[PDB]
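**Q** Got a structure for you, coords01.txt, holding compact mmCIF, N, CA and C atoms.
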# COMPACT_ATOMS: atom_id res chain seq x y z
N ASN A 3 124.22 120.82 109.66
CA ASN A 3 123.98 121.50 110.92
C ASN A 3 122.80 122.48 110.86
N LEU A 4 122.68 123.27 111.93
CA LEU A 4 121.57 124.20 112.12
C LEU A 4 121.40 125.19 110.95
N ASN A 5 122.51 125.57 110.30
CA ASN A 5 122.45 126.57 109.24
C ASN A 5 121.43 126.22 108.17
N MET A 6 121.50 125.00 107.61
CA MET A 6 120.59 124.64 106.52
C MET A 6 119.15 124.55 107.00
N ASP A 7 118.94 124.07 108.24
CA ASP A 7 117.60 123.99 108.79
C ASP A 7 116.94 125.37 108.87
N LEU A 8 117.69 126.41 109.27
CA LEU A 8 117.09 127.75 109.23
C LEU A 8 117.06 128.35 107.83
N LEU A 9 118.00 128.01 106.95
CA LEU A 9 118.00 128.67 105.64
C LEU A 9 116.85 128.19 104.75
N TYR A 10 116.50 126.90 104.80
CA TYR A 10 115.27 126.50 104.11
C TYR A 10 114.05 127.23 104.68
N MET A 11 114.00 127.44 106.00
CA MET A 11 112.93 128.24 106.59
C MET A 11 112.91 129.66 106.04
N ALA A 12 114.09 130.28 105.92
CA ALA A 12 114.17 131.66 105.45
C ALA A 12 113.66 131.78 104.02
N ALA A 13 114.17 130.92 103.14
CA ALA A 13 113.70 130.94 101.75
C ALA A 13 112.20 130.69 101.70
N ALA A 14 111.70 129.80 102.55
CA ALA A 14 110.27 129.51 102.58
C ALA A 14 109.45 130.75 102.90
N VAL A 15 109.81 131.45 103.98
CA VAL A 15 109.00 132.61 104.35
C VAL A 15 109.05 133.67 103.25
N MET A 16 110.22 133.87 102.65
CA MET A 16 110.35 134.92 101.64
C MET A 16 109.52 134.61 100.40
N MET A 17 109.63 133.39 99.87
CA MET A 17 108.83 133.04 98.69
C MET A 17 107.35 132.92 99.01
N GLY A 18 106.97 132.51 100.22
CA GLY A 18 105.55 132.50 100.55
C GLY A 18 104.91 133.88 100.53
N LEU A 19 105.57 134.85 101.18
CA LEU A 19 105.03 136.21 101.12
C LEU A 19 105.06 136.75 99.70
N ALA A 20 106.12 136.45 98.94
CA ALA A 20 106.14 136.84 97.53
C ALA A 20 104.93 136.28 96.77
N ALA A 21 104.62 135.00 97.01
CA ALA A 21 103.50 134.36 96.31
C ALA A 21 102.19 135.08 96.61
N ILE A 22 101.89 135.29 97.89
CA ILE A 22 100.67 136.03 98.24
C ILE A 22 100.66 137.40 97.58
N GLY A 23 101.74 138.16 97.73
CA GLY A 23 101.75 139.51 97.19
C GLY A 23 101.47 139.54 95.70
N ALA A 24 102.26 138.79 94.93
CA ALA A 24 102.11 138.82 93.47
C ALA A 24 100.74 138.31 93.05
N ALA A 25 100.29 137.19 93.64
CA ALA A 25 99.06 136.58 93.15
C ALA A 25 97.86 137.46 93.43
N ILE A 26 97.74 138.01 94.64
CA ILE A 26 96.59 138.88 94.89
C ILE A 26 96.70 140.19 94.11
N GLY A 27 97.91 140.71 93.91
CA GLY A 27 98.04 141.92 93.11
C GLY A 27 97.52 141.74 91.70
N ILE A 28 97.99 140.69 91.00
CA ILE A 28 97.46 140.46 89.67
C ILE A 28 96.00 140.02 89.72
N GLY A 29 95.54 139.41 90.81
CA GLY A 29 94.12 139.09 90.89
C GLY A 29 93.24 140.31 90.82
N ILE A 30 93.54 141.33 91.61
CA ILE A 30 92.77 142.57 91.56
C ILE A 30 92.90 143.25 90.19
N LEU A 31 94.14 143.35 89.70
CA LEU A 31 94.38 144.07 88.46
C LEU A 31 93.59 143.40 87.31
N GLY A 32 93.67 142.07 87.23
CA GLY A 32 92.90 141.33 86.24
C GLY A 32 91.40 141.42 86.43
N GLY A 33 90.93 141.54 87.67
CA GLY A 33 89.50 141.71 87.87
C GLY A 33 88.97 142.98 87.24
N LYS A 34 89.66 144.10 87.47
CA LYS A 34 89.29 145.32 86.74
C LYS A 34 89.40 145.13 85.23
N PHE A 35 90.43 144.41 84.75
CA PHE A 35 90.49 144.15 83.30
C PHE A 35 89.22 143.46 82.80
N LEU A 36 88.83 142.35 83.44
CA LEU A 36 87.69 141.61 82.91
C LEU A 36 86.42 142.44 82.98
N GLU A 37 86.21 143.21 84.05
CA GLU A 37 85.00 144.03 84.09
C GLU A 37 85.03 145.09 82.99
N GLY A 38 86.21 145.67 82.73
CA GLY A 38 86.33 146.65 81.66
C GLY A 38 86.14 146.06 80.28
N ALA A 39 86.44 144.77 80.12
CA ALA A 39 86.17 144.11 78.84
C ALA A 39 84.70 143.71 78.72
N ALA A 40 84.00 143.56 79.85
CA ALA A 40 82.63 143.06 79.84
C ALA A 40 81.70 143.96 79.01
N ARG A 41 81.54 145.22 79.42
CA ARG A 41 80.47 146.05 78.86
C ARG A 41 80.65 146.28 77.36
N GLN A 42 81.85 146.66 76.94
CA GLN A 42 82.10 147.01 75.54
C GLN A 42 83.12 146.06 74.94
N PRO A 43 82.81 145.39 73.82
CA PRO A 43 83.78 144.49 73.19
C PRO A 43 84.87 145.20 72.40
N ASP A 44 84.82 146.53 72.28
CA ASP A 44 85.65 147.22 71.30
C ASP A 44 87.14 147.14 71.62
N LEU A 45 87.52 147.37 72.88
CA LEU A 45 88.91 147.66 73.24
C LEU A 45 89.60 146.56 74.04
N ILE A 46 89.11 145.32 73.99
CA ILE A 46 89.83 144.18 74.56
C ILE A 46 91.31 144.23 74.18
N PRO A 47 91.68 144.36 72.89
CA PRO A 47 93.11 144.46 72.57
C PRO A 47 93.82 145.66 73.18
N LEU A 48 93.10 146.70 73.60
CA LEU A 48 93.74 147.89 74.16
C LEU A 48 93.99 147.72 75.66
N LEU A 49 92.94 147.34 76.40
CA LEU A 49 93.11 147.08 77.83
C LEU A 49 94.08 145.94 78.07
N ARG A 50 94.09 144.94 77.19
CA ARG A 50 94.99 143.82 77.42
C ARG A 50 96.45 144.21 77.19
N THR A 51 96.70 145.39 76.62
CA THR A 51 98.06 145.92 76.55
C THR A 51 98.40 146.77 77.77
N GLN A 52 97.49 147.66 78.17
CA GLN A 52 97.70 148.35 79.45
C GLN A 52 97.84 147.37 80.61
N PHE A 53 97.19 146.21 80.50
CA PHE A 53 97.29 145.17 81.52
C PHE A 53 98.72 144.69 81.70
N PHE A 54 99.40 144.34 80.60
CA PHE A 54 100.80 143.95 80.73
C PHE A 54 101.67 145.12 81.17
N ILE A 55 101.39 146.33 80.67
CA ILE A 55 102.20 147.49 81.07
C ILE A 55 102.20 147.64 82.59
N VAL A 56 101.04 147.45 83.23
CA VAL A 56 100.97 147.58 84.69
C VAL A 56 101.46 146.32 85.40
N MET A 57 101.09 145.15 84.86
CA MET A 57 101.44 143.88 85.47
C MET A 57 102.95 143.70 85.56
N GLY A 58 103.70 144.37 84.69
CA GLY A 58 105.15 144.40 84.87
C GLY A 58 105.57 144.98 86.21
N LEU A 59 104.98 146.13 86.59
CA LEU A 59 105.35 146.74 87.87
C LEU A 59 104.78 145.99 89.06
N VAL A 60 103.67 145.28 88.89
CA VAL A 60 103.21 144.44 90.00
C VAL A 60 104.27 143.40 90.36
N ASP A 61 104.82 142.73 89.34
CA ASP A 61 105.81 141.68 89.55
C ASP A 61 107.23 142.19 89.79
N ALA A 62 107.45 143.49 89.97
CA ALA A 62 108.80 144.02 90.15
C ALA A 62 109.49 143.45 91.39
N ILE A 63 108.94 143.73 92.57
CA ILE A 63 109.50 143.30 93.85
C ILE A 63 109.32 141.81 94.14
N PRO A 64 108.15 141.20 93.89
CA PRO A 64 108.03 139.76 94.18
C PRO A 64 109.06 138.91 93.44
N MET A 65 109.55 139.33 92.29
CA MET A 65 110.62 138.55 91.69
C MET A 65 112.01 138.90 92.22
N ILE A 66 112.20 140.07 92.84
CA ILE A 66 113.38 140.23 93.69
C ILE A 66 113.33 139.21 94.81
N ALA A 67 112.16 139.10 95.45
CA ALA A 67 111.99 138.18 96.56
C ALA A 67 112.22 136.74 96.13
N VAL A 68 111.65 136.34 94.99
CA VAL A 68 111.82 134.97 94.49
C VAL A 68 113.27 134.71 94.08
N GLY A 69 113.90 135.68 93.40
CA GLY A 69 115.30 135.51 93.05
C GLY A 69 116.16 135.29 94.27
N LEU A 70 115.94 136.07 95.33
CA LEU A 70 116.74 135.90 96.54
C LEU A 70 116.35 134.64 97.31
N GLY A 71 115.09 134.21 97.26
CA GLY A 71 114.74 132.94 97.86
C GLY A 71 115.43 131.76 97.20
N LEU A 72 115.39 131.71 95.86
CA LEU A 72 116.12 130.68 95.13
C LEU A 72 117.62 130.78 95.41
N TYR A 73 118.15 132.01 95.45
CA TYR A 73 119.56 132.20 95.78
C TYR A 73 119.89 131.60 97.14
N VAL A 74 119.10 131.91 98.16
CA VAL A 74 119.36 131.33 99.48
C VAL A 74 119.32 129.81 99.39
N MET A 75 118.25 129.27 98.81
CA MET A 75 117.98 127.84 98.90
C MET A 75 119.01 127.01 98.13
N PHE A 76 119.43 127.44 96.94
CA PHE A 76 120.42 126.69 96.17
C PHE A 76 121.86 127.18 96.26
N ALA A 77 122.15 128.36 96.79
CA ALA A 77 123.53 128.81 96.83
C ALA A 77 124.02 129.13 98.23
N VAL A 78 123.16 129.61 99.14
CA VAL A 78 123.58 129.71 100.53
C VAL A 78 123.39 128.37 101.23
N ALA A 79 122.31 127.66 100.89
CA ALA A 79 122.09 126.28 101.28
C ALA A 79 122.26 126.06 102.77
N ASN B 172 42.96 162.97 64.03
CA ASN B 172 43.11 162.98 62.58
C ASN B 172 44.59 163.02 62.20
N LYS B 173 44.87 162.55 60.98
CA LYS B 173 46.23 162.48 60.45
C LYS B 173 46.37 163.44 59.28
N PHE B 174 47.39 164.30 59.32
CA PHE B 174 47.69 165.23 58.23
C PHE B 174 48.52 164.48 57.19
N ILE B 175 47.84 163.64 56.41
CA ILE B 175 48.52 162.88 55.37
C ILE B 175 49.02 163.80 54.26
N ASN B 176 48.20 164.77 53.86
CA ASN B 176 48.57 165.68 52.78
C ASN B 176 48.00 167.06 53.06
N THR B 177 48.53 168.04 52.33
CA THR B 177 47.92 169.36 52.32
C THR B 177 46.47 169.28 51.86
N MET B 178 46.17 168.37 50.93
CA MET B 178 44.84 168.26 50.35
C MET B 178 43.94 167.23 51.04
N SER B 179 44.47 166.37 51.92
CA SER B 179 43.64 165.29 52.45
C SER B 179 44.11 164.85 53.83
N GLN B 180 43.15 164.48 54.68
CA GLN B 180 43.37 164.06 56.06
C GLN B 180 42.38 162.95 56.41
N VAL B 181 42.72 162.16 57.44
CA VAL B 181 41.89 161.01 57.80
C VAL B 181 41.82 160.83 59.32
N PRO B 182 40.66 160.48 59.87
CA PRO B 182 40.56 160.21 61.31
C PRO B 182 41.12 158.83 61.67
N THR B 183 41.81 158.76 62.81
CA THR B 183 42.48 157.52 63.22
C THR B 183 42.33 157.27 64.71
N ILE B 184 42.47 155.99 65.07
CA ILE B 184 42.53 155.51 66.45
C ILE B 184 43.75 154.60 66.56
N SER B 185 44.68 154.94 67.45
CA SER B 185 45.91 154.16 67.59
C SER B 185 46.23 153.90 69.06
N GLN B 186 46.74 152.70 69.33
CA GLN B 186 47.05 152.26 70.69
C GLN B 186 48.41 152.81 71.12
N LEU B 187 48.43 153.59 72.20
CA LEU B 187 49.68 154.09 72.77
C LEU B 187 50.12 153.33 74.01
N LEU B 188 49.20 152.70 74.74
CA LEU B 188 49.54 151.76 75.80
C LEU B 188 48.64 150.54 75.72
N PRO B 189 49.19 149.34 75.94
CA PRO B 189 50.59 149.08 76.26
C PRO B 189 51.50 149.37 75.08
N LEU B 190 52.80 149.49 75.30
CA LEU B 190 53.69 149.91 74.24
C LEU B 190 53.56 148.96 73.05
N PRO B 191 53.27 149.47 71.85
CA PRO B 191 53.12 148.60 70.69
C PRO B 191 54.44 147.95 70.31
N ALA B 192 54.33 146.76 69.70
CA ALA B 192 55.50 145.97 69.33
C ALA B 192 56.13 146.50 68.04
N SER B 193 56.63 147.73 68.11
CA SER B 193 57.36 148.30 66.99
C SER B 193 58.65 147.53 66.75
N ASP B 194 59.03 147.41 65.48
CA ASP B 194 60.14 146.54 65.10
C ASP B 194 61.42 146.94 65.82
N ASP B 195 61.95 148.13 65.51
CA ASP B 195 62.95 148.81 66.33
C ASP B 195 64.13 147.90 66.67
N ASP B 196 64.68 147.25 65.65
CA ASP B 196 65.72 146.25 65.83
C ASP B 196 67.10 146.80 65.49
N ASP B 197 68.03 146.64 66.42
CA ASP B 197 69.44 146.86 66.16
C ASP B 197 70.23 146.02 67.15
N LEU B 198 71.48 145.73 66.78
CA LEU B 198 72.38 144.95 67.62
C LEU B 198 73.67 145.69 67.92
N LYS B 199 73.80 146.92 67.44
CA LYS B 199 74.90 147.83 67.71
C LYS B 199 74.95 148.25 69.17
N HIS B 200 73.92 147.90 69.96
CA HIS B 200 73.89 148.27 71.37
C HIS B 200 75.01 147.60 72.15
N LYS B 201 75.54 146.49 71.64
CA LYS B 201 76.69 145.85 72.28
C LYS B 201 77.85 146.82 72.38
N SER B 202 78.07 147.62 71.34
CA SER B 202 79.21 148.53 71.31
C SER B 202 79.04 149.68 72.29
N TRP B 203 77.82 150.22 72.40
CA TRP B 203 77.58 151.30 73.36
C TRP B 203 76.35 150.97 74.21
N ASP B 204 76.61 150.41 75.39
CA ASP B 204 75.60 150.10 76.40
C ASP B 204 75.64 151.15 77.50
N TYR B 205 74.48 151.71 77.81
CA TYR B 205 74.40 152.87 78.69
C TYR B 205 74.75 152.51 80.13
N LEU B 206 75.43 153.43 80.81
CA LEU B 206 75.69 153.32 82.24
C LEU B 206 74.52 153.98 82.96
N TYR B 207 73.67 153.16 83.57
CA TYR B 207 72.38 153.61 84.06
C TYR B 207 72.54 154.25 85.44
N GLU B 208 72.44 155.58 85.49
CA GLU B 208 72.48 156.33 86.74
C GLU B 208 71.11 156.93 87.00
N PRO B 209 70.48 156.67 88.16
CA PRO B 209 70.95 155.78 89.22
C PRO B 209 70.71 154.29 88.93
N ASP B 210 69.58 153.98 88.31
CA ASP B 210 69.17 152.61 88.05
C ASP B 210 68.66 152.49 86.63
N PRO B 211 68.72 151.29 86.03
CA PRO B 211 68.15 151.11 84.69
C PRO B 211 66.63 151.23 84.65
N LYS B 212 65.94 150.57 85.59
CA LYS B 212 64.48 150.52 85.53
C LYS B 212 63.85 151.87 85.84
N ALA B 213 64.44 152.64 86.77
CA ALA B 213 63.95 153.98 87.04
C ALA B 213 64.01 154.85 85.78
N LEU B 214 65.16 154.81 85.10
CA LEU B 214 65.32 155.57 83.86
C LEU B 214 64.31 155.11 82.82
N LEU B 215 64.09 153.79 82.73
CA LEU B 215 63.12 153.27 81.77
C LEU B 215 61.71 153.78 82.05
N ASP B 216 61.32 153.83 83.32
CA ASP B 216 59.99 154.35 83.65
C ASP B 216 59.84 155.80 83.23
N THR B 217 60.84 156.63 83.55
CA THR B 217 60.75 158.03 83.14
C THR B 217 60.69 158.15 81.62
N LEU B 218 61.44 157.30 80.91
CA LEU B 218 61.43 157.33 79.45
C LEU B 218 60.06 156.98 78.89
N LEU B 219 59.42 155.94 79.42
CA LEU B 219 58.09 155.57 78.94
C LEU B 219 57.08 156.68 79.19
N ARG B 220 57.14 157.29 80.38
CA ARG B 220 56.19 158.36 80.69
C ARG B 220 56.37 159.53 79.72
N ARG B 221 57.64 159.90 79.47
CA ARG B 221 57.92 160.95 78.50
C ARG B 221 57.44 160.58 77.10
N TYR B 222 57.60 159.31 76.71
CA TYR B 222 57.19 158.90 75.37
C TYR B 222 55.69 159.04 75.17
N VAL B 223 54.90 158.61 76.16
CA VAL B 223 53.45 158.75 76.03
C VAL B 223 53.08 160.22 75.93
N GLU B 224 53.71 161.06 76.76
CA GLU B 224 53.45 162.50 76.68
C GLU B 224 53.78 163.04 75.29
N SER B 225 54.91 162.60 74.73
CA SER B 225 55.35 163.08 73.42
C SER B 225 54.38 162.65 72.31
N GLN B 226 53.94 161.39 72.34
CA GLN B 226 53.02 160.92 71.31
C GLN B 226 51.70 161.68 71.35
N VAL B 227 51.20 161.97 72.56
CA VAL B 227 49.97 162.75 72.65
C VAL B 227 50.18 164.15 72.06
N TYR B 228 51.32 164.78 72.35
CA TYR B 228 51.57 166.11 71.79
C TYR B 228 51.66 166.07 70.26
For the file at hand, write its structure as structure tokens.
**A**
Amino acid sequence: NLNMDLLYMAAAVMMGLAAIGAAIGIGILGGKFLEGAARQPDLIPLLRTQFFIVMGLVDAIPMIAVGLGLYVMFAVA
Amino acid sequence: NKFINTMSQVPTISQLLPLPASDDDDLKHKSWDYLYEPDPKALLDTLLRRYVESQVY
């Protein structure tokens, strides 16, 4: 019935916005990383650690969104 | 003239422009490359002008 037709729509909108948010967030963050690695070769191993430290918080909410999208799609169905 | 020694000196003629091809080789510049404010070429021009002034002095 109608329930599943709207619930696939709901999961779709939630994971789509999650995808845009996460991907562009890490896109900007990584862009500053690469420019910071460009000029000086010394600290690639250092910035690439601060990169993960921050990239964790970028992915905080979008994986709430993805978890709940998968939850809707396979368990609310 | 060149003050080679306390006891001896010699007259000389040396080219200051165009900039002579002094060896001046290093590759450590990769580690510390200058952030050119405002521009690289403007800074380079001021540096060359100062260098000619310095060599004359």
**Q** Per residue of chain A within 7 Å of chain B, note the shortest atom pair and the distance in Å to one decimal, counting all atoms listed in the file, and order the rows by chain and increasing residue number, as JSON lines.
**A**
{"residue": "A:41", "atom": "C", "partner": "B:201", "partner_atom": "C", "distance": 5.7}
{"residue": "A:42", "atom": "CA", "partner": "B:202", "partner_atom": "C", "distance": 5.2}
{"residue": "A:43", "atom": "N", "partner": "B:201", "partner_atom": "C", "distance": 5.4}
{"residue": "A:44", "atom": "N", "partner": "B:202", "partner_atom": "CA", "distance": 6.0}
**Q** Report the residues of chain B whose backbone DSSP state falls under alpha helix (DSSP H), written as a list in words.
**A**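 Filtering chain B down to alpha helix (DSSP H) leaves residues 211, 212, 213, 214, 215, 216, 217, 218, 219, 220, 221, 222, 223, 224, 225, 226 and 227 of chain B.
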**Q** Please produce an output containing N, CA and C atoms for each residue in the selection, written as a PDB file, in the frame of the given file.
**A**
ATOM      1  N   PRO B 211      68.720 151.290  86.030  1.00  0.00           N
ATOM      2  CA  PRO B 211      68.150 151.110  84.690  1.00  0.00           C
ATOM      3  C   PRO B 211      66.630 151.230  84.650  1.00  0.00           C
ATOM      4  N   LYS B 212      65.940 150.570  85.590  1.00  0.00           N
ATOM      5  CA  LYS B 212      64.480 150.520  85.530  1.00  0.00           C
ATOM      6  C   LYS B 212      63.850 151.870  85.840  1.00  0.00           C
ATOM      7  N   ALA B 213      64.440 152.640  86.770  1.00  0.00           N
ATOM      8  CA  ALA B 213      63.950 153.980  87.040  1.00  0.00           C
ATOM      9  C   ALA B 213      64.010 154.850  85.780  1.00  0.00           C
ATOM     10  N   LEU B 214      65.160 154.810  85.100  1.00  0.00           N
ATOM     11  CA  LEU B 214      65.320 155.570  83.860  1.00  0.00           C
ATOM     12  C   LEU B 214      64.310 155.110  82.820  1.00  0.00           C
ATOM     13  N   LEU B 215      64.090 153.790  82.730  1.00  0.00           N
ATOM     14  CA  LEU B 215      63.120 153.270  81.770  1.00  0.00           C
ATOM     15  C   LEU B 215      61.710 153.780  82.050  1.00  0.00           C
ATOM     16  N   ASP B 216      61.320 153.830  83.320  1.00  0.00           N
ATOM     17  CA  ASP B 216      59.990 154.350  83.650  1.00  0.00           C
ATOM     18  C   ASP B 216      59.840 155.800  83.230  1.00  0.00           C
ATOM     19  N   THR B 217      60.840 156.630  83.550  1.00  0.00           N
ATOM     20  CA  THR B 217      60.750 158.030  83.140  1.00  0.00           C
ATOM     21  C   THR B 217      60.690 158.150  81.620  1.00  0.00           C
ATOM     22  N   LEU B 218      61.440 157.300  80.910  1.00  0.00           N
ATOM     23  CA  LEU B 218      61.430 157.330  79.450  1.00  0.00           C
ATOM     24  C   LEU B 218      60.060 156.980  78.890  1.00  0.00           C
ATOM     25  N   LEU B 219      59.420 155.940  79.420  1.00  0.00           N
ATOM     26  CA  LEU B 219      58.090 155.570  78.940  1.00  0.00           C
ATOM     27  C   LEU B 219      57.080 156.680  79.190  1.00  0.00           C
ATOM     28  N   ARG B 220      57.140 157.290  80.380  1.00  0.00           N
ATOM     29  CA  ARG B 220      56.190 158.360  80.690  1.00  0.00           C
ATOM     30  C   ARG B 220      56.370 159.530  79.720  1.00  0.00           C
ATOM     31  N   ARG B 221      57.640 159.900  79.470  1.00  0.00           N
ATOM     32  CA  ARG B 221      57.920 160.950  78.500  1.00  0.00           C
ATOM     33  C   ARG B 221      57.440 160.580  77.100  1.00  0.00           C
ATOM     34  N   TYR B 222      57.600 159.310  76.710  1.00  0.00           N
ATOM     35  CA  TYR B 222      57.190 158.900  75.370  1.00  0.00           C
ATOM     36  C   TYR B 222      55.690 159.040  75.170  1.00  0.00           C
ATOM     37  N   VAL B 223      54.900 158.610  76.160  1.00  0.00           N
ATOM     38  CA  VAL B 223      53.450 158.750  76.030  1.00  0.00           C
ATOM     39  C   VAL B 223      53.080 160.220  75.930  1.00  0.00           C
ATOM     40  N   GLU B 224      53.710 161.060  76.760  1.00  0.00           N
ATOM     41  CA  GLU B 224      53.450 162.500  76.680  1.00  0.00           C
ATOM     42  C   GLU B 224      53.780 163.040  75.290  1.00  0.00           C
ATOM     43  N   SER B 225      54.910 162.600  74.730  1.00  0.00           N
ATOM     44  CA  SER B 225      55.350 163.080  73.420  1.00  0.00           C
ATOM     45  C   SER B 225      54.380 162.650  72.310  1.00  0.00           C
ATOM     46  N   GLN B 226      53.940 161.390  72.340  1.00  0.00           N
ATOM     47  CA  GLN B 226      53.020 160.920  71.310  1.00  0.00           C
ATOM     48  C   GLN B 226      51.700 161.680  71.350  1.00  0.00           C
ATOM     49  N   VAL B 227      51.200 161.970  72.560  1.00  0.00           N
ATOM     50  CA  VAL B 227      49.970 162.750  72.650  1.00  0.00           C
ATOM     51  C   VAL B 227      50.180 164.150  72.060  1.00  0.00           C
TER      52      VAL B 227
END
**Q** Calculate how many Å separate atom C of residue 221 of chain B from atom CA of residue 172 of chain B, rounding to one decimal.
**A**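 Between atom C of residue 221 of chain B and atom CA of residue 172 of chain B the gap is 20.5 Å.
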**Q** Go ahead and compute the interatomic distance for atom C of residue 207 of chain B and atom CA of residue 40 of chain A, in Å to one decimal.
**A**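 Computing it gives 16.1 Å between the two atoms.
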**Q** Write out as lines of an AutoDock Vina configuration file an axis-aligned box for segment 172-186 of chain B: all of its atoms listed in the file, 3 Å added on each side, centre and edge lengths in Å with one decimal.
**A**
center_x = 44.8
center_y = 160.8
center_z = 60.7
size_x = 14.5
size_y = 23.1
size_z = 26.8
**Q** Which residue gives the smallest distance to residue 35 of chain A among A:74, A:22, A:49, A:66, with all atoms listed in the file counted?
**A**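 Using all atoms listed in the file, residue 35 of chain A sits closest to A:49.
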**Q** Would you compute the distance between atom CA of residue 68 of chain A and atom N of residue 17 of chain A? Give it in Å to one decimal.
**A**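 Between atom CA of residue 68 of chain A and atom N of residue 17 of chain A the gap works out to 6.0 Å.
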